[PDB]
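Next come the chains, spelled out residue by residue.
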Amino acid sequence: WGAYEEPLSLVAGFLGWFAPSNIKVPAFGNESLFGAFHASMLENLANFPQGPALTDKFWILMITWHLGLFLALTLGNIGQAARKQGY
Amino acid sequence: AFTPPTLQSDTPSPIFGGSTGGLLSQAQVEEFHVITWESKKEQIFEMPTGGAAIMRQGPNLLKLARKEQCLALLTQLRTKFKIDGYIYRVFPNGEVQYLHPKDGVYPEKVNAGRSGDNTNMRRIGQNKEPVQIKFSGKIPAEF
Amino acid sequence: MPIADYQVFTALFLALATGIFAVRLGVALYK
Amino acid sequence: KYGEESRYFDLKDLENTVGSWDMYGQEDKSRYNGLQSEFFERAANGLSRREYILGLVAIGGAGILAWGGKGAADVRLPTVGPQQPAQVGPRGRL
Amino acid sequence: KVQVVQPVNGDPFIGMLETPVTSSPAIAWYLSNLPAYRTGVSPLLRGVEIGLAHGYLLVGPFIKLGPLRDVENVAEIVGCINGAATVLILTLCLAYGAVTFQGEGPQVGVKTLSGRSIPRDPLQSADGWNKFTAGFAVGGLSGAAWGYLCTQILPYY
Amino acid sequence: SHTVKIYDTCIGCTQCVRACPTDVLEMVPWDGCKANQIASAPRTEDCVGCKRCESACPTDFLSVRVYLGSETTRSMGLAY
Amino acid sequence: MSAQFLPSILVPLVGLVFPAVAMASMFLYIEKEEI
Amino acid sequence: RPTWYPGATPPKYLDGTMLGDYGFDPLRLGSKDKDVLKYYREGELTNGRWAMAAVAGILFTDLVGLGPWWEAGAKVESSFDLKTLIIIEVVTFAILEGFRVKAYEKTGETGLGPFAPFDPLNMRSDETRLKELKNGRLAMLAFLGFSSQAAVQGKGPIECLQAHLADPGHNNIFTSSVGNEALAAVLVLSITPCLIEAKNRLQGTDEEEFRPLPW
Ligand code: CLA
Ligand code: CLA
């Protein structure tokens, strides 16, 4: 990157630009994980004014979506920098 | 006919990846020690500061903090690889002082020509009574 | 008849003098 | 240290063989604005002496005594406030 | 195949290691640009900056947690408390300077990671610490004073 | 800086010298024992006080004694 | 008690001013190099 | 050289080079650094000058029959609100003190504005300086006495003197509300020099390891 020595390569954007392509798939119930997360984000306040109360649907949706996104980001970075898992 | 061998600064150091148990700030303002030995092959040894290093084939130099660390490494080399080493004391100003093999002969072996320092010619119970040396900054063993 | 403020002030001043004597004795003992 | 190879000891460069490095220090005299720097060095003019800087600390000691004799009463501290009734005790005491 | 952990300045016999936390470019730049690591800047100015930051960040705790936090006059009481804390750490700095710098000795030189010789920080001297301590007092007291003003101003707060 | 002393009861077994972790003792010629050697402490400045030499002495009582005294940067075993 | 203001001044002096002064002086004296 | 009591032995550092040197400094406040001693003298002179001006004003207002000086703060009627007066005084005194600071940093003495020595009549000399120091010290004690008399007694500098002249044996400090405390001070001070002499006799004058107030 421009600063640091972060191994997060620019070509590795597929992590965060591909995880939504799979998290947007409907899961029968409700409409979709990302869809529900975005709807909650845009409805239960713009995650800045008041608050998501105590233990709301938005909390679990945000935690699950971020869990998947972070795991995909880190695992993909490891795999891409490992070059076909050469370690 | 023995003279203290001079310390060569061109001696390479053993292959080590680094550790947090090495020299600190005391070596910059007080002193540190250097142990130099000769190995017939490149082999893995245990360092007194933690971890494992690889001594090269030929001359090896290692800088440690205390003299006890150097002596422990020398003991390991003598009892494991049958390698003899030399220990020196280096000061920040740049003075090197020979140590351990003082007269080229190990202390456990009599050399006939050393100083018989601190050797009382009496028994342990033949020392002066503490009441007989009162008001004197000395213990009964120094009489 | 409770002790008045002037009595407390006098006692404090006498204590100050006593403390001065004490510090002098301590200095003499240090030597 | 002459660490061009595997030598980390050098009597002619003993300064580098003991790890005497600044690590993060950097000398640079171009940073603070001249007008603001002058104001601060001027404000802390004579306050650079041990006796004078201790005098500033002595002011804090006076403030401590001032609080007890005035500040504590102005903040309505419970110890400096009044007291309401009392109790008798276990038996016929006070 | 890359090894992000290396010995300090290539020397593997020094009690330190270079990790992406200590030798990181951004981390190194930010840490080197602090007023404490300015060998060429006057100790008084660096002390003023350090005191300003410390004094400003030291009001908050007493404001929201002091014994009189539930009273409208909490801001003033806390401003005074921070001033007292700054004066205390001020005498601490003076005592440290008077004890640490009281003698002279031919110390070893100082070089950079590359091997470029640099003079010792002027802050590590009898007069250097005194100037730094004086700046810390002015900055520390000013920071506490500014902490009270921010409470009165700052439309959001 | 501890005080290390050697007494004539020594038999010159050289065990104390081998047990010293800082090289403080050494064997010098003598004529009071069958081994014709006595122990000595020429480098007491490097003595740490571990008393390992006493744990190795076989004479009764001990022929080598260590009296702990003024502590220094070397006697305290400090590497910092 | 007579002079109720005295404790409010003596308690902080003996518990805050005197201890700080004594500790600072003791710290400066036990590390003088040449007393 | 006269001292602060007959036969007093001045400290070693109080040889007598400075003016008004009576060998008085039991706490040894200026026995370490000479620069600190110079600053102490400058502060003493400043306090003395302010004391002389204050004493002169207080006495003048009392002789013309004006009200009490301590109560005169609330008996002043004129324009300019209190806050305005405070601001004007703070600004003018800030500039005056800055000029005085520069004067002390240059010539080592006081001054008035840009004038470093400020002596239009050229009446500067070592003999005239001693007069200023002694007069300032006397004025400082005079102001201290004014405040003390206003607190203990309910009179002013002239009224207190008149009351004492009316009955010197019954109108003194030892007969006021602070007489007891005063009786404890004199009795101690009366034996202070003699006790010091004992120290100079049994112990001698070979200096001491420490100083009362180090600072
Ligand atoms: C760790 C335990 C602990 C904690 C959290 C507290 C907390 C508190 N005490 Mg308390 N106290 C304790 C132990 C503790 N006490 C003990 C053991 C005693 C008995 C000896 C007391 C006796 C006591 C008294 C008598 C009083 C208190 C009071 C208080 C309150 C105000 C004190 C204050 O503002 O200080 C100042 C706080 C600071 C100066 C902030 C320092 C901490 C900062 C936030 C550290 C931040 C580090 C930061 C994260 C670094 C990161 C790096 C950076 C780059 C980001 C406060 C909530 C007062 C009160 O009235 O209670 C309401 C009070 O009167 N305490
Ligand atoms: C050893 C005897 C002794 C002890 C244990 C105490 C204890 C106490 N006194 Mg007290 N006092 C004493 C003697 C003593 N006093 C004497 C003889 C006098 C007459 C002058 C006084 C006059 C006095 C007043 C006017 C007040 C106290 C107060 C107090 C309380 C708070 C302390 C304080 O800040 O006041 C300060 C105390 C003094 C200024 C004078 C004490 C001087 C003593 C004699 C020093 C003794 C030192 C000791 C022998 C050496 C031990 C070594 C040690 C210092 C490390 C405290 C419980 C305050 C109070 O009532 O709290 C509510 C208060 O206002 N005392």
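Residues numbered from 1 in each chain as written, not as in the entry; some residues may be left out. Chains lettered and ligands numbered in written order. Part of a larger assembly, values for the part shown. Heavy atoms only, no water.

As annotated in the PDB entry, chain B is Photosystem I reaction center subunit chloroplastic from Chlorella ohadii. Its PDB record names the entry "Structure of low-light grown Chlorella ohadii Photosystem I".

In the nomenclature of the PDB entry, chain A corresponds to Photosystem I subunit O from the organism Chlorella ohadii.

Side note on a nonpolar patch on the surface
Filter applied, for reference: Exposure above 30% relative accessible area and the lack of any salt bridge qualify a residue for a patch; like charges then connect within 9 Å, and the nonpolar side chains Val, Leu, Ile, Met, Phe, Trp and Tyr within 5 Å. Values of accessible area rely on a 1.4 Å probe in the Shrake-Rupley scheme; residue burial ignores everything except the protein chains shown. Counted as salt bridges are all cases of a side-chain nitrogen of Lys or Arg within 4 Å of a carboxyl oxygen of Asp or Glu. Where helices and strands are cited, they refer to DSSP runs of H or I of at least four residues and of E of at least two residues respectively, numbered from the N terminus.
Taken together, the side chains of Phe80, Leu82, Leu85, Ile86, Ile87, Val90, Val91, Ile95, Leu96, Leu112, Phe115 and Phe118 of chain H make up a nonpolar region of the molecular surface, amounting to roughly 1,200 Å² of accessible area. With respect to the helices and strands, the residue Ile87 of chain H is situated in helix α2 (residues 82-107).

Looking at the interface of chain E and chain D
Worth spelling out the cut-off: Any two residues whose heavy atoms approach within 4.5 Å at even a single point are treated as in contact. Two parts placed together each lose some accessible area under a 1.4 Å probe, and the buried area is that loss summed for both.
Every contact between the two is made by 48 residues of chain E and, on the other side, 35 residues of chain D. Taken together, both faces of the contact between chain E and chain D bury some 3,700 Å²; the carbon and sulfur share is 65%. The three residues of chain E that bury the most area against chain D are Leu45, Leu94 and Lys111 of chain E, which together make up 14% of that side's buried surface. Counting across the interface, chain E meets chain D through four salt bridges. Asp13 of chain D is the partner of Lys111 of chain E in a salt bridge, and the nearest nitrogen-oxygen pair spans 3.3 Å. Counting only elements with at least two residues in the side of chain E that touches chain D, the list comes to α1 (25-32), α2 (43-57), α4 (74-100), β3 (110-111) and α5 (126-152) of chain E.

Some thoughts on the site of ligand 2
For the record, the criterion: If even one non-hydrogen atom of a residue comes within 4 Å of a molecule or strand, that residue is called near it. What qualifies as a polar contact is a pair of N or O atoms within 3.5 Å, subject to a donor-acceptor requirement within protein and to the restriction that residues adjacent in sequence count only when both atoms come from side chains. Residues are grouped as follows: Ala, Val, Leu, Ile, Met, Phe, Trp, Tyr, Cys and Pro are nonpolar; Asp, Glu, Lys and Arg are charged; all remaining types, including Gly, are polar.
The immediate surroundings of ligand 2 are formed by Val8, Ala11, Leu12 and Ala15 of chain C together with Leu6, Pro7, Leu10, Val11 and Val14 of chain G. Near ligand 2, residues from chains C and G are present, making the site a shared one. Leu10 of chain G places a polar main-chain atom, nitrogen or oxygen, 2.8 Å from an oxygen atom of ligand 2. At a separation of 3.4 Å, an oxygen atom of ligand 2 approaches a polar backbone atom of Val11 of chain G. Secondary-structure elements contributing two or more residues to the shell around ligand 2 are α1 (5-30) of chain C together with α1 (5-29) of chain G. Here the shell around ligand 2 takes five residues from α1 of chain G, the largest share from any one element. Per-class residue counts for the shell around ligand 2 are nine nonpolar, no polar and no charged.

Describing the pattern of salt bridges
Selection criterion: In this scheme, a residue with accessible area under 20% of its type's maximum is buried, one over 50% is exposed, and one in between is partly exposed, where area comes from a 1.4 Å probe on protein chains only.
For the structure on display, the rule yields 32 salt bridges over all chains. Here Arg116 of chain E and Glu27 of chain D are joined by a salt bridge, their closest N and O atoms 3.4 Å apart. Highlighted residues: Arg116 of chain E in the loop between β3 and β4 (117-118) and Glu27 of chain D in the segment before α1 (34-43), drawn from two different chains. Accessibility expressed as a relative area gives 44% for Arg116 of chain E, which makes it partly exposed. Beyond isolated ion pairs, a larger network of salt bridges with shared partners links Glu31, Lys67 and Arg89 of chain B together with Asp46 and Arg74 of chain F.

Here we look at the nonpolar core
Most often, soluble globular proteins have nonpolar side chains that are buried together. For clarity, the cut-off: Remark: nonpolar core denotes a set of buried residues (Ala, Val, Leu, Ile, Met, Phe, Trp, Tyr, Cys) joined through side-chain atoms within 4.5 Å.
In this structure, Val4, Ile6, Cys16, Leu25, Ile38, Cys53 and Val64 of chain F are the most contacted members of the largest nonpolar core, which totals 21 residues. The next biggest cluster of nonpolar side chains, apart from the first, holds 20 residues, and it includes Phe45, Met47, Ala53 and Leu62 of chain B.

Re the side chain of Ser20 of chain D
Structurally, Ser20 of chain D is set in the segment before α1. Within the local environment of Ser20 of chain D, its side chain forms a polar contact with the side chain of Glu15 of chain D, the two groups lying 3.4 Å apart. In this structure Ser20 of chain D touches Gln28 of chain B, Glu15 of chain D together with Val108, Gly109, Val110, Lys111 and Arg120 of chain E, once residues within four positions along its chain are discounted.

Thoughts on unusual backbone geometry
Here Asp60 of chain F and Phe61 of chain F are connected by a cis peptide whose omega angle stands at 0 degrees. Within the secondary structure, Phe61 of chain F sits in the loop between α2 (52-56) and β4 (64-67). Positive phi outside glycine occurs at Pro85 of chain D, with the angle close to 30 degrees. Within the secondary structure, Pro85 of chain D is located in the segment after α2 (50-74).

Re the pairing of strand β4 (residues 58-64) of chain B
Residue and element names in this part refer to chain B. Using the following cut-off: For two strands to pair, DSSP has to find at least two bridges joining them.
Most of β4 is tucked away, with six of its seven residues classed as buried. Of the pairings in the sheet, the one linking strand β1 (residues 32-39) to β4 comprises seven bridges and is antiparallel in character. When the bridges of β4 are listed, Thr36 appears paired with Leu61.

Details of the UniProt feature "transmembrane region" (unreviewed entry) in chain A
To keep things clear, this is the line we draw: UniProt positions are given in the numbering used here, feature names are shortened, and annotations may be inferred rather than shown by experiment.
When the UniProt feature table is mapped onto this chain, "transmembrane region" (unreviewed entry) is found at residues 58-78 of chain A. Between the C-alpha atoms that bound residues 58-78 of chain A there is a distance of 30 Å. The span itself is 100% helix and 0% strand.

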